[PDB]
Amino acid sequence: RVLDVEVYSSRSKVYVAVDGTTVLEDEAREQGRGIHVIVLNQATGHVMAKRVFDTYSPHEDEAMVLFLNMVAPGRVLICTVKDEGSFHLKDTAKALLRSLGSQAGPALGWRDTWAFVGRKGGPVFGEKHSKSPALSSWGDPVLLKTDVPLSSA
């Protein structure tokens, strides 16, 4: 009746594991920058969608908004940042993250790390954030481990 979800966000590496199986892993240098998004079925944990939005670059946040608005309210939503996800995370995307209940997403800053697990229509199940301490530095790697409830009946 529960999914064991692990989410890792850092300068050079992201991964997501569900029930001990890696469903997303990107450790490639110079690739996969931005916010990675995984959508899971809320009864089985099966992956319904996997995306990466390079929100360090213009226009990617608009694509993230259009994608997230089509996710059904019951789904499990997982986000994790690789390298930099804030430079072009603009106000409409931040407001959408705030509407999910995210505390750190709407405040994401330069080279911060961020891992998030929650139900599309609320509530948030787990969230971790590390603020970069200097423009030349990154946030500390964050490893979020969250038990996500499953729907049934």
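Numbering starts at 1 and follows the sequence shown.
- Look at the C-alpha B-factors of 63-71 and of 114-122. On average they run higher in 114-122.
- Of the two stretches examined, 48-56 and 124-132, the record assigns the greater average C-alpha temperature factor to 124-132.
- Highest CA B-factor among the listed residues (39, 89, 104, 95): 104.
- Ranked within its chain, residue 2 lands in the highest third, by CA B factor from the PDB record.
- Remark: residue 9 belongs to the lowest third of its chain, ranked by C-alpha B-factor as recorded.
- In the deposited entry, the Cα temperature factor of residue 85 places it in the lowest third of its chain's modelled residues.
- Looking at the C-alpha B-factors along this chain, the one for residue 100 belongs to the highest third.
- Among the modelled residues of its chain, residue 109 has a C-alpha B-factor that falls in the middle third, as given in the PDB entry.
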